[PDB]
Amino acid sequence: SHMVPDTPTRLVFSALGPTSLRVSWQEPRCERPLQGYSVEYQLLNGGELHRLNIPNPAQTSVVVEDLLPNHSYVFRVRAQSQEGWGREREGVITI
């Protein structure tokens, strides 16, 4: 039922200046060892797909840079096990 990781907990956003933030979550349940996370983010109204891969399940935060002021973004965080990638936790924010 949770061989691939469950969804992470709700995303917490912390502003770090005008073009950066910290995105944070908590480690999701999994019946298999967690291998890491992906953080995918994209302008709400369209743009390039950005991805940060975090190969350590103990790191549940990351600093995201070069964001556009006054623009809205969709962040999607997933965790990986040997069984595959789990469902995303989605959170949105305006910079």
# chains A, B, ... in the order shown; residues from 1 in each chain; ligands from 1
$ residues_around --residues "stretch 80-85 of chain A" --least-positions-apart "4" --cutoff "8 Å" --atoms "only C-alpha atoms" --output "number ranges by chain"
A: 3-5, 30, 32-37
$ write_last_selection --atoms "N, CA and C atoms" --output "PDB file, in the first residue's frame"
ATOM      1  N   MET A   3       4.506   0.904  -0.727  1.00  0.00           N
ATOM      2  CA  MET A   3       5.779   0.412  -1.221  1.00  0.00           C
ATOM      3  C   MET A   3       6.558   1.507  -1.951  1.00  0.00           C
ATOM      4  N   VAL A   4       5.856   2.306  -2.751  1.00  0.00           N
ATOM      5  CA  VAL A   4       6.395   3.599  -3.166  1.00  0.00           C
ATOM      6  C   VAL A   4       6.037   4.572  -2.055  1.00  0.00           C
ATOM      7  N   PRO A   5       6.851   5.610  -1.875  1.00  0.00           N
ATOM      8  CA  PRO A   5       6.575   6.508  -0.762  1.00  0.00           C
ATOM      9  C   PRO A   5       5.223   7.219  -0.844  1.00  0.00           C
ATOM     10  N   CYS A  30       7.023   5.078   4.173  1.00  0.00           N
ATOM     11  CA  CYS A  30       7.297   4.097   3.123  1.00  0.00           C
ATOM     12  C   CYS A  30       7.648   2.765   3.737  1.00  0.00           C
ATOM     13  N   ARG A  32       9.490   0.645   2.231  1.00  0.00           N
ATOM     14  CA  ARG A  32      10.835   0.362   1.726  1.00  0.00           C
ATOM     15  C   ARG A  32      11.728   1.574   2.025  1.00  0.00           C
ATOM     16  N   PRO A  33      13.058   1.383   2.073  1.00  0.00           N
ATOM     17  CA  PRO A  33      13.917   2.522   2.419  1.00  0.00           C
ATOM     18  C   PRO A  33      13.807   3.677   1.417  1.00  0.00           C
ATOM     19  N   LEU A  34      13.765   4.901   1.927  1.00  0.00           N
ATOM     20  CA  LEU A  34      13.705   6.064   1.056  1.00  0.00           C
ATOM     21  C   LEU A  34      15.066   6.329   0.484  1.00  0.00           C
ATOM     22  N   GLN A  35      15.094   6.720  -0.788  1.00  0.00           N
ATOM     23  CA  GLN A  35      16.337   6.956  -1.507  1.00  0.00           C
ATOM     24  C   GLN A  35      16.601   8.464  -1.679  1.00  0.00           C
ATOM     25  N   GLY A  36      15.568   9.289  -1.543  1.00  0.00           N
ATOM     26  CA  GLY A  36      15.726  10.715  -1.783  1.00  0.00           C
ATOM     27  C   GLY A  36      14.444  11.370  -2.258  1.00  0.00           C
ATOM     28  N   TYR A  37      14.567  12.648  -2.640  1.00  0.00           N
ATOM     29  CA  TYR A  37      13.434  13.466  -3.062  1.00  0.00           C
ATOM     30  C   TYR A  37      13.692  14.158  -4.375  1.00  0.00           C
TER      31      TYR A  37
END
$ residues_around --residues "residue A:53" --least-positions-apart "6" --cutoff "12 Å" --atoms "only C-alpha atoms" --output "mmCIF file with N, CA, C and O atoms, in the first residue's frame"
data_model
loop_
_atom_site.group_PDB
_atom_site.id
_atom_site.type_symbol
_atom_site.label_atom_id
_atom_site.label_comp_id
_atom_site.auth_asym_id
_atom_site.auth_seq_id
_atom_site.Cartn_x
_atom_site.Cartn_y
_atom_site.Cartn_z
ATOM 1 N N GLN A 35 15.094 6.720 -0.788
ATOM 2 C CA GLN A 35 16.337 6.956 -1.507
ATOM 3 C C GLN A 35 16.601 8.464 -1.679
ATOM 4 O O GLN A 35 17.745 8.876 -1.860
ATOM 5 N N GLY A 36 15.568 9.289 -1.543
ATOM 6 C CA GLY A 36 15.726 10.715 -1.783
ATOM 7 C C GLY A 36 14.444 11.370 -2.258
ATOM 8 O O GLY A 36 13.376 10.731 -2.282
ATOM 9 N N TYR A 37 14.567 12.648 -2.640
ATOM 10 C CA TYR A 37 13.434 13.466 -3.062
ATOM 11 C C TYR A 37 13.692 14.158 -4.375
ATOM 12 O O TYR A 37 14.826 14.341 -4.789
ATOM 13 N N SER A 38 12.615 14.569 -5.020
ATOM 14 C CA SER A 38 12.717 15.472 -6.151
ATOM 15 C C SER A 38 11.865 16.669 -5.827
ATOM 16 O O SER A 38 10.815 16.546 -5.167
ATOM 17 N N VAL A 39 12.341 17.834 -6.240
ATOM 18 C CA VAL A 39 11.575 19.063 -6.098
ATOM 19 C C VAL A 39 11.430 19.624 -7.510
ATOM 20 O O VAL A 39 12.407 20.063 -8.095
ATOM 21 N N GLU A 40 10.219 19.580 -8.047
ATOM 22 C CA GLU A 40 9.943 20.088 -9.390
ATOM 23 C C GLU A 40 9.179 21.378 -9.242
ATOM 24 O O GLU A 40 8.248 21.449 -8.441
ATOM 25 N N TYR A 41 9.577 22.416 -9.969
ATOM 26 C CA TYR A 41 8.857 23.684 -9.873
ATOM 27 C C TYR A 41 8.805 24.382 -11.212
ATOM 28 O O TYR A 41 9.651 24.177 -12.088
ATOM 29 N N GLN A 59 17.503 14.988 4.213
ATOM 30 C CA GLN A 59 17.423 16.411 3.838
ATOM 31 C C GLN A 59 16.022 16.703 3.312
ATOM 32 O O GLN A 59 15.691 16.309 2.211
ATOM 33 N N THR A 60 15.213 17.389 4.115
ATOM 34 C CA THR A 60 13.798 17.633 3.802
ATOM 35 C C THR A 60 13.524 19.117 3.598
ATOM 36 O O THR A 60 12.403 19.591 3.814
ATOM 37 N N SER A 61 14.564 19.831 3.168
ATOM 38 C CA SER A 61 14.497 21.261 2.869
ATOM 39 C C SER A 61 15.455 21.558 1.719
ATOM 40 O O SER A 61 16.441 20.844 1.530
ATOM 41 N N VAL A 62 15.186 22.604 0.945
ATOM 42 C CA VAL A 62 16.154 23.030 -0.041
ATOM 43 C C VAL A 62 15.942 24.496 -0.337
ATOM 44 O O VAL A 62 14.806 24.991 -0.263
ATOM 45 N N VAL A 63 17.038 25.193 -0.645
ATOM 46 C CA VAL A 63 16.970 26.580 -1.075
ATOM 47 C C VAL A 63 16.848 26.639 -2.590
ATOM 48 O O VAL A 63 17.628 26.021 -3.313
ATOM 49 N N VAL A 64 15.845 27.376 -3.054
ATOM 50 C CA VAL A 64 15.588 27.571 -4.476
ATOM 51 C C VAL A 64 15.895 29.014 -4.841
ATOM 52 O O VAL A 64 15.420 29.948 -4.179
ATOM 53 N N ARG A 76 6.231 20.818 -6.625
ATOM 54 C CA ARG A 76 5.782 19.439 -6.436
ATOM 55 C C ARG A 76 6.946 18.632 -5.883
ATOM 56 O O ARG A 76 8.001 18.569 -6.506
ATOM 57 N N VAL A 77 6.758 18.059 -4.700
ATOM 58 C CA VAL A 77 7.808 17.277 -4.066
ATOM 59 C C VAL A 77 7.390 15.818 -3.984
ATOM 60 O O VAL A 77 6.290 15.497 -3.514
ATOM 61 N N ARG A 78 8.268 14.939 -4.463
ATOM 62 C CA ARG A 78 8.059 13.487 -4.412
ATOM 63 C C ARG A 78 9.242 12.802 -3.735
ATOM 64 O O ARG A 78 10.356 13.326 -3.755
ATOM 65 N N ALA A 79 8.993 11.631 -3.152
ATOM 66 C CA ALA A 79 10.070 10.793 -2.622
ATOM 67 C C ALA A 79 10.183 9.516 -3.433
ATOM 68 O O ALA A 79 9.214 9.071 -4.050
ATOM 69 N N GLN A 80 11.382 8.941 -3.429
ATOM 70 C CA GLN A 80 11.685 7.728 -4.187
ATOM 71 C C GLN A 80 12.053 6.573 -3.260
ATOM 72 O O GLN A 80 12.751 6.773 -2.269
#
$ closest_residue --among "A:22, A:89, A:10, A:29" --to "residue A:57" --atoms "only C-alpha atoms"
A:29
$ select_by_dssp --residues "chain A" --states "strand (DSSP E)" --output "JSON, numbers by chain"
{"A": [12, 13, 14, 15, 21, 22, 23, 24, 34, 35, 36, 37, 38, 39, 40, 41, 42, 43, 50, 51, 52, 53, 54, 61, 62, 63, 64, 72, 73, 74, 75, 76, 77, 78, 79, 80, 81, 84, 85, 89, 90, 91, 92, 93, 94]}
$ residues_around --residues "residue A:17" --least-positions-apart "4" --cutoff "10 Å" --atoms "only C-alpha atoms" --output "mmCIF file with C-alpha atoms, in the first residue's frame"
data_model
loop_
_atom_site.group_PDB
_atom_site.id
_atom_site.type_symbol
_atom_site.label_atom_id
_atom_site.label_comp_id
_atom_site.auth_asym_id
_atom_site.auth_seq_id
_atom_site.Cartn_x
_atom_site.Cartn_y
_atom_site.Cartn_z
ATOM 1 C CA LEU A 21 13.037 30.715 -0.920
ATOM 2 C CA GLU A 65 17.166 30.512 -6.293
ATOM 3 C CA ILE A 95 7.289 35.310 -4.976
#
$ atom_distance --atom1 "atom CA of residue A:19" --atom2 "atom CA of residue A:45"
17.7 Å
$ atom_distance --atom1 "atom CA of residue A:58" --atom2 "atom CA of residue A:26"
9.3 Å
$ atom_distance --atom1 "atom CA of residue A:44" --atom2 "atom CA of residue A:27"
25.6 Å
$ closest_residue --among "A:74, A:2, A:66, A:52" --to "residue A:28" --atoms "only C-alpha atoms"
A:2
$ residues_around --residues "residue A:67" --least-positions-apart "5" --cutoff "10 Å" --atoms "only C-alpha atoms" --output "PyMOL selection string"
chain A and resi 18-21+42-43+72-73+94-95
$ closest_residue --among "A:46, A:87, A:56, A:71" --to "residue A:9" --atoms "only C-alpha atoms"
A:87
$ closest_residue --among "A:16, A:55, A:23, A:68" --to "residue A:92" --atoms "only C-alpha atoms"
A:23
$ decode --residues "stretch 63-94 of chain A" --atoms "C-alpha atoms" --output "PDB file, in the first residue's frame"
ATOM      1  CA  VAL A  63      16.970  26.580  -1.075  1.00  0.00           C
ATOM      2  CA  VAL A  64      15.588  27.571  -4.476  1.00  0.00           C
ATOM      3  CA  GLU A  65      17.166  30.512  -6.293  1.00  0.00           C
ATOM      4  CA  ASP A  66      16.672  32.720  -9.369  1.00  0.00           C
ATOM      5  CA  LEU A  67      12.902  32.981  -8.949  1.00  0.00           C
ATOM      6  CA  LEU A  68      10.948  35.814 -10.566  1.00  0.00           C
ATOM      7  CA  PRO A  69       9.418  38.452  -8.267  1.00  0.00           C
ATOM      8  CA  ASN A  70       5.631  38.831  -8.429  1.00  0.00           C
ATOM      9  CA  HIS A  71       5.314  35.528 -10.271  1.00  0.00           C
ATOM     10  CA  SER A  72       3.440  32.483  -9.008  1.00  0.00           C
ATOM     11  CA  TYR A  73       5.001  29.034  -8.921  1.00  0.00           C
ATOM     12  CA  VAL A  74       3.814  25.469  -8.457  1.00  0.00           C
ATOM     13  CA  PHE A  75       6.118  23.226  -6.417  1.00  0.00           C
ATOM     14  CA  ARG A  76       5.782  19.439  -6.436  1.00  0.00           C
ATOM     15  CA  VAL A  77       7.808  17.277  -4.066  1.00  0.00           C
ATOM     16  CA  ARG A  78       8.059  13.487  -4.412  1.00  0.00           C
ATOM     17  CA  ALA A  79      10.070  10.793  -2.622  1.00  0.00           C
ATOM     18  CA  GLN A  80      11.685   7.728  -4.187  1.00  0.00           C
ATOM     19  CA  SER A  81      12.103   4.126  -3.039  1.00  0.00           C
ATOM     20  CA  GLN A  82      13.403   1.080  -4.914  1.00  0.00           C
ATOM     21  CA  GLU A  83       9.789   0.512  -6.002  1.00  0.00           C
ATOM     22  CA  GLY A  84       9.581   3.863  -7.732  1.00  0.00           C
ATOM     23  CA  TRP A  85       8.584   7.484  -7.258  1.00  0.00           C
ATOM     24  CA  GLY A  86       5.627   8.327  -5.022  1.00  0.00           C
ATOM     25  CA  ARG A  87       2.811  10.818  -5.554  1.00  0.00           C
ATOM     26  CA  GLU A  88       3.607  14.499  -5.226  1.00  0.00           C
ATOM     27  CA  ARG A  89       2.807  16.970  -2.537  1.00  0.00           C
ATOM     28  CA  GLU A  90       1.827  20.154  -4.348  1.00  0.00           C
ATOM     29  CA  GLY A  91       2.173  23.649  -2.907  1.00  0.00           C
ATOM     30  CA  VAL A  92       1.889  27.002  -4.655  1.00  0.00           C
ATOM     31  CA  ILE A  93       3.387  30.399  -3.794  1.00  0.00           C
ATOM     32  CA  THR A  94       3.744  33.904  -5.192  1.00  0.00           C
TER      33      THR A  94
END
